[PDB]
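Understanding the architecture of this molecule
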Amino acid sequence: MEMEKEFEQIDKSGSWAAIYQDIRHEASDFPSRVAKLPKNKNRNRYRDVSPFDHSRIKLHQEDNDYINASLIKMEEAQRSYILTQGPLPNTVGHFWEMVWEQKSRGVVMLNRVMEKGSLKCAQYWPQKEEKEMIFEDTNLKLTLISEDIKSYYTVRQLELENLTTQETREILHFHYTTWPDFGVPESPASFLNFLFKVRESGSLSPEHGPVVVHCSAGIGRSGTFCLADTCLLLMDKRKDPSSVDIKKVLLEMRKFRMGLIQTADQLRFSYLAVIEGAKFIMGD
Ligand SMILES: O=C(O)c1cccc(-c2ccco2)c1
């Protein structure tokens, strides 16, 4: 069923809350035993948001390999994403270790450091060129190279140095700065513009490790970004673009990380973004 007609049918019937609960009911449940070990309590931002054991990213160290991060591998679309929480004061070094070890080119940040008067994630990147950051626990140096501030987002060029080998890499930081404190954006135009800027950078392409995507918990806004990207790519690839079923793509993604798309409004916004984005994919 053409999702644009499914959309008008759910809207006219006001059944978004009902569709959403149906997804919550059918979603996978896998063990998260490593996340719940007592040694890892200060590595988790939220007690109810944990990576599954089968899909968790492992840090390359014998001490403690744990980070709150999941590999979402989309087989038909040929795209992979790492979804993670906003870094905590004691996990900023783990965060950059993961970027280094997974060979990522891009970090996508969908939250502000402060929202609703509370801290949603650590200040994990340098704000001035001449004030670099050293992560002594993981032996990394991070330097701000350049910053481009636009109305709806900021792009930063960062240099990450492995102090052990003196290898360096360029990381691109894509920071969506205008998601509202409550609810979802009224139009998806600025979110799609942002998604197309990440794609244009090479950050989502198979010559690099998976893109790292986060918000505060790494399930809600983060879920919306990867769901929209994957659905538009499948509409490009398939003989019949009207066969793309957004609810079925979301359940596939929930096999790899719990809780993706946190509200019925985020579900409705994901539909709007895919429907408006398809008017480019189909030749405009
Ligand atoms: O990434 C870096 O370490 C670096 C160092 C010097 C110059 C530039 C640069 C990028 C685009 C034009 O010049 C980048």
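As a convention, residue numbering begins from 1 on each chain and follows the written sequence, not necessarily the numbering found in the entry; residues with no coordinates do not appear. Excluded from the side-chain calculation are hydrogens and water; included are all heavy atoms of the structure.

The protein appears in the PDB entry as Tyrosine-protein phosphatase non-receptor type 1 from Homo sapiens. UniProt positions are given in the numbering used here, feature names are shortened, and annotations may be inferred rather than shown by experiment. Listed under Catalytic activity in UniProt, the entry text for the protein is "O-phospho-L-tyrosyl-[protein] + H2O = L-tyrosyl-[protein] + phosphate". Reading the Subunit (literature references left out) entry of the UniProt record for the protein gives the comment "Interacts with EPHA3 (phosphorylated); dephosphorylates EPHA3 and may regulate its trafficking and function. Interacts with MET. Interacts with NCK1."

Quick word on the pattern of salt bridges
Salt bridges, as used here, are contacts in which a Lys or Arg side-chain nitrogen is within 4 Å of a carboxyl oxygen on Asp or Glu. Taken as a whole and assessed by the stated rule, the structure comprises 15 salt bridges. With a closest N to O distance of 2.7 Å, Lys 247 and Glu 6 form a salt bridge. Residue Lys 247 is located in helix 6 (residues 246-253), and its partner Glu 6 is located in helix 1 (residues 3-13); the two are separated by 241 residues in the primary sequence. Any residue under 20% of the maximum accessible area for its type is buried, any over 50% is exposed, and the rest in between are partly exposed; the area is computed with a 1.4 Å probe on protein chains only. With a relative accessible area of 25%, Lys 247 lands in the partly exposed category. Measuring nitrogen to oxygen at the nearest pair gives 2.6 Å for the salt bridge that ties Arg 156 to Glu 147. Residue classification places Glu 147 among the partly exposed positions, given a relative accessible area of 37%. In this structure, a network of salt bridges that share partners links the residues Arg 112, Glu 115, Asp 181 and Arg 221. What counts as a helix is a DSSP run of H or I of at least four residues, what counts as a strand is a run of E of at least two, and both are numbered from the N terminus.

Remarks on the sheet that holds strand 1 (residues 56-58)
Strand pairing in a sheet takes place through backbone hydrogen bonds and is either antiparallel or parallel in direction. If you walk across this open sheet you meet the nine strands as 1-2-3-11-4-10-9-8-7, and the pairing is mixed. In this open sheet, the two edge strands, each paired with only one partner strand, are strand 1 and strand 7 (133-135). Pairs of neighbouring strands in the sheet enclose a mean axial angle of 30°, with direction left out of account. When DSSP finds two or more bridges between two strands, those strands count as paired. Bridging between strand 4 (residues 106-109) and strand 10 (residues 167-176) involves four bridges; their strand directions are parallel. Residue pairing for strand 10: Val 107 is matched across the bridge by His 173. The strands touched by helix 4 (residues 189-200) within the sheet are strand 3 (79-84), strand 4, strand 9 (153-162) and strand 10, with strand 10 carrying the most contacts at an inclination of about 170°. An axis is simply a line fitted to the C-alpha atoms; with a helix, the fit covers only the stretch in contact. Between two such axes, the angle follows the N-to-C directions and lies from 0 to 180 degrees. A contact between two residues is defined here by any heavy atoms of the two lying within 4.5 Å.

As for the UniProt feature "domain: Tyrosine-protein phosphatase" in the protein
The UniProt record annotates "domain: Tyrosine-protein phosphatase" at residues 3-277. Segment residues 3-277 splits into 31% helix and 23% strand. End C-alpha atoms: 13 Å apart.

Regarding the site of the ligand
Being near a molecule or strand, for a residue, comes down to having at least one heavy atom within 4 Å of it. Neighbouring residues of the ligand: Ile 145, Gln 157 and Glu 159. Coverage of the ligand by the protein amounts to 33% of the 350 Å² it exposes when considered alone. Calculation of accessible area relied on Shrake-Rupley with a 1.4 Å probe; when residues are assessed, cover is drawn exclusively from the protein chains displayed.

Quick word on the layout of surface pockets
A 1.4 Å probe that fits but cannot get out identifies a cavity on a 1 Å grid over protein atoms alone, an open set with protein on both sides within 12 Å along at least five of seven lines counts as a pocket, and a residue lines either if it has an atom within 4 Å of a point. Grid points are joined across faces, edges and corners, and a volume is the space filled by probe spheres set on the points. Counted as a void, the largest pocket has a volume near 790 Å³. Every residue lining the largest pocket is counted, 32 residues in all, and those nearest its centre are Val 49, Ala 217, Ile 219, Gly 259 and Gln 262. Those elements that provide at least two residues to the lining of the largest pocket are helix 2 (16-26) and helix 7 (264-281). Among the residues forming the lining of the largest pocket, the class breakdown is 14 nonpolar, eight polar and ten charged. When its volume is computed, the second largest pocket comes out at roughly 240 Å³. Along its surface, the second largest pocket is lined by 15 residues, and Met 74, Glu 76, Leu 234, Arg 238 and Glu 252 are the ones closest to its centre. Just so you know the grouping, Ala, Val, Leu, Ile, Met, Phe, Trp, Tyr, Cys and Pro go in nonpolar, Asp, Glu, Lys and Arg go in charged, and all remaining residues, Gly too, go in polar.

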